[PDB]
Amino acid sequence: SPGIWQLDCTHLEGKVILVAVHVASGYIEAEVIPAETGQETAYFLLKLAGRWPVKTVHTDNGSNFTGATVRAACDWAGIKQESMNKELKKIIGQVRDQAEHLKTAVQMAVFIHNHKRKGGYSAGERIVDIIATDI
Amino acid sequence: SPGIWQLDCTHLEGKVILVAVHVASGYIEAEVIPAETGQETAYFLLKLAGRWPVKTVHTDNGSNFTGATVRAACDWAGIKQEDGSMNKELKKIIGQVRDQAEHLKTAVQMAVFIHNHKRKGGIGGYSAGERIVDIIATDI
Ligand SMILES: OC[C@H]1O[C@@](CO)(O[C@H]2O[C@H](CO)[C@@H](O)[C@H](O)[C@H]2O)[C@@H](O)[C@@H]1O
Ligand SMILES: Cn1nc(N)cc1-c1cc(Br)c2c(c1)OCO2
Ligand SMILES: Cn1nc(N)cc1-c1cc(Br)c2c(c1)OCO2
Ligand SMILES: [Cl-]
Ligand SMILES: [Cl-]
Numbered sequence: 057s058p059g060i061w062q063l064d065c066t067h068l069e070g071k072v073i074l075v076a077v078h079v080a081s082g083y084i085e086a087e088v089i090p091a092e093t094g095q096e097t098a099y100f101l102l103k104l105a106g107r108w109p110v111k112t113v114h115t116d117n118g119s120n121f122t123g124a125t126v127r128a129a130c131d132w133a134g135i136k137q138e153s154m155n156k157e158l159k160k161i162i163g164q165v166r167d168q169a170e171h172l173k174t175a176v177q178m179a180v181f182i183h184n185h186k187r188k192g193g194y195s196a197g198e199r200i201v202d203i204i205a206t207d208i
Numbered sequence: 057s058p059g060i061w062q063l064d065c066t067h068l069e070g071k072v073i074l075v076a077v078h079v080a081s082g083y084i085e086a087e088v089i090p091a092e093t094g095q096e097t098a099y100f101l102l103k104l105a106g107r108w109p110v111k112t113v114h115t116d117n118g119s120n121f122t123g124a125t126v127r128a129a130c131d132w133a134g135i136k137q138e139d140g153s154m155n156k157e158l159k160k161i162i163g164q165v166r167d168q169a170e171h172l173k174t175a176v177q178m179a180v181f182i183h184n185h186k187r188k189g190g191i192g193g194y195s196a197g198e199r200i201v202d203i204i205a206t207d208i
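Same order as they appear, the protein sequences are chains A and B.
According to the authors' numbering, the residues represented by the first sequence are 57 to 138, 153 to 188, 192 to 208, in order.
According to the authors' numbering, the residues represented by the second sequence are 57 to 140, 153 to 208, in order.
Okay, here's the thing in structure tokens:
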């Protein structure tokens, strides 16, 4: 379904990276956040939902999803909580040296993941085609 | 046309908001940033080009665009600078929701959500969100 995303956390350099993947397409939105907390999680979900039609997010159901702030954020946005990360960590690696800050490396990796063409469409192309069609 | 964005800065509560608009559709991406510097500007542009096909950005051509870091970022992402109202509507929505948000950044993101989801012209219309995917899908 075009409205389905998966959200997973990954850790590197003592920081926390949230990675949202649009399941149908492989398109990614990711951010380094200061700490894996409900407030930062709610905020990430709020940003994501304002940029793409998010209907359902599948999560790891952990501590940062149980609190008042995250439930509210999802409620407000109309969201229901009913491997790829390895490759992103690979890209972060090959570009890590080109930035002082991890956050910059992560965003370069997001750009690269979403633009890559391996018929032969990028994730960016796939997400737009899947959603346009739904509409 | 589908790859053209405009980027302008807005100030509020002593902070700076960068607002990128997809000219063809009216869809927006916005962020409160630490300060209006080349580094933060480069980073905003890098995030933006990672998420939508940005070919050309129209900017205010100011100090934060003259530096080595922003030029590099644009070069890398493959972005072109060409020539130099919603920013007021967004101002409005932000005010309308400022109350329910602890931090300004939260208000801004609530305003982005609202701006991009709102139905233009009611029934049959199409939100900016819908318009942008429709424009870019068509281009492909
Ligand atoms: O997070 C608060 C504030 O920062 C923004 C950009 O201004 O997001 C950035 O925040 C971190 C800065 O250290 C980065 O790790 C993160 O990846 C980056 O996007 C906005 O979302 C928000 O207004
Ligand atoms: C990679 N690529 N090549 C094109 N012709 C268009 C695109 C493209 C890249 C990203 Br990222 C996108 C997108 C399209 O839609 C939303 O996100
Ligand atoms: C508002 N709306 N109503 C729908 N049925 C779909 C959408 C919709 C909302 C946002 Br934001 C989008 C989008 C579609 O494509 C990328 O960003
Ligand atoms: Cl998580
Ligand atoms: Cl600016």
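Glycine residues also receive a C-beta, built at the ideal position from the N, C-alpha and C atoms.
Item                                                                                                                                  : Value
Bridge partner(s) assigned by DSSP for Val88 of chain A                                                                               : A:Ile73
Continuous beta strand (DSSP E) stretch holding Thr93 of chain B: start and end                                                       : Counting along the chain, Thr93 of chain B falls outside any beta strand (DSSP E), and DSSP gives it neither H nor E.
Residues that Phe121 of chain B contacts on chain A, provided the C-beta gap is smaller than 9 Å                                      : Simply none; closest approach about 18 Å.
Per-residue burial, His67 of chain B [other beta carbons within 10 Å of its own, 16 or more giving buried]                            : exposed
Exposure of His78 of chain B, with buried meaning 16 or more beta-carbon neighbours within 10 Å                                       : buried
Collapsed DSSP secondary structure at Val110 of chain A in the structure displayed                                                    : coil
Ligand 1 heavy atom lying under 7 Å from the CB of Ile89 of chain B                                                                   : yes
Per-residue burial, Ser81 of chain A [other beta carbons within 10 Å of its own, 16 or more giving buried]                            : buried
Cut-off 7 Å between Cβ atoms - residues of its own chain near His185 of chain A, not counting five sequence neighbours on either side : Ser195 and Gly197
Proximity winner among A:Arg166, A:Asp167 and A:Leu101, relative to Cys130 of chain A (alpha-carbon distances)                        : A:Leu101
Contacts that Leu102 of chain B makes with chain A (C-beta to C-beta distance below 8 Å)                                              : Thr174, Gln177, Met178 and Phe181
Proximal residues of chain B, C-beta to C-beta of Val77 of chain A below 7 Å                                                          : Residues of chain B passing the Cβ test: none, with the nearest at roughly 13 Å.
Inter-stretch contact at 8 Å, needing at least 3 Cβ pairs: the region 58-65 of chain A / the region 104-115 of chain A                : yes
Assigned exposure category for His183 of chain B - 16 Cβ within 10 Å defines buried                                                   : buried
Residue-chain proximity (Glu96 of chain B, chain A), Cβ-Cβ < 8 Å                                                                      : no
Counted within 10 angstroms of its Cβ, other Cβ atoms place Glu87 of chain A as buried (16 or more) or exposed                        : buried
Reduced DSSP secondary structure (H/G/I, E/B, other) of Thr66 of chain B                                                              : strand
Assumed close pair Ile203 of chain B, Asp202 of chain A - CB separation to whole angstroms, cut-off 8 Å                               : The pair is not a contact, with the Cβ atoms about 13 Å apart (cut-off 8 Å).
Interface flag, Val126 of chain B vs chain A, CB-CB below 8 Å                                                                         : no
Proximal chain A residues relative to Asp202 of chain B, where beta-carbon distance stays under 8 Å                                   : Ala205 and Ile208
Buried or exposed (CB count within 10 angstroms, at least 16 for buried), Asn117 of chain B                                           : exposed
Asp116 of chain B Cβ short of 7 Å to ligand 5 heavy atom set                                                                          : yes
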